[PDB]
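Novice: Pasting an experimental structure, sequence included:
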Amino acid sequence: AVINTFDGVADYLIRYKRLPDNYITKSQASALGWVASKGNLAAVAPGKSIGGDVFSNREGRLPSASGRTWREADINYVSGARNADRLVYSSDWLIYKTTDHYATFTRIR
């Protein structure tokens, strides 16, 4: 089984201060032949989900602080093209979920 639910992943983040072992960054996926247009994440990195990439919070929908940066993890991913479910977690353990690819967020941790 994998941990890849909003709540499963969020609780993993706050307890272990890292993403579950089924996450790999966009850079590490690319290193294995992942290409977004190709929809091939499961073909090159079976079982894996993208996460850990920096989320820049460009429009400030999320709260800022000095030293706080934000990161994303993909939620409910299995195969093919990526979806609209993300966690965004901050370096001091704020956790917001979005179900619409960062358009709107709800704080959950």
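Specialist: Nice, thanks for sending it over. Numbers count the residues shown, from 1 in each chain.

Novice: strand partners of the lengthiest strand in the chain, parallel vs antiparallel please.
Specialist: As assigned by DSSP state E, the longest strand anywhere in the chain is strand 49-55. With DSSP bridges as the test, strand 49-55 is paired with strand 23-24 (parallel), strand 70-74 (antiparallel).

Novice: which residues are in contact with the following helix or strand past the shortest one?
Specialist: If I follow you right, that is strand 23-24. Downstream of strand 23-24, the next assigned helix or strand under DSSP states H and E is helix 26-30. For helix 26-30, contacts defined as Cβ atoms under 8 Å, 6 or more residues apart in numbering pick out 34, 41, 44, 45, 48, 50, 53. From N, CA and C alone the C-beta is placed, and that goes for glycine too.

Novice: what comes up buried for stretch 89-109?
Specialist: Of all the residues in stretch 89-109, those buried under the rule 16 or more other Cβ atoms under 10 Å are 89, 90, 94, 95, 96, 97, 98, 102, 105.
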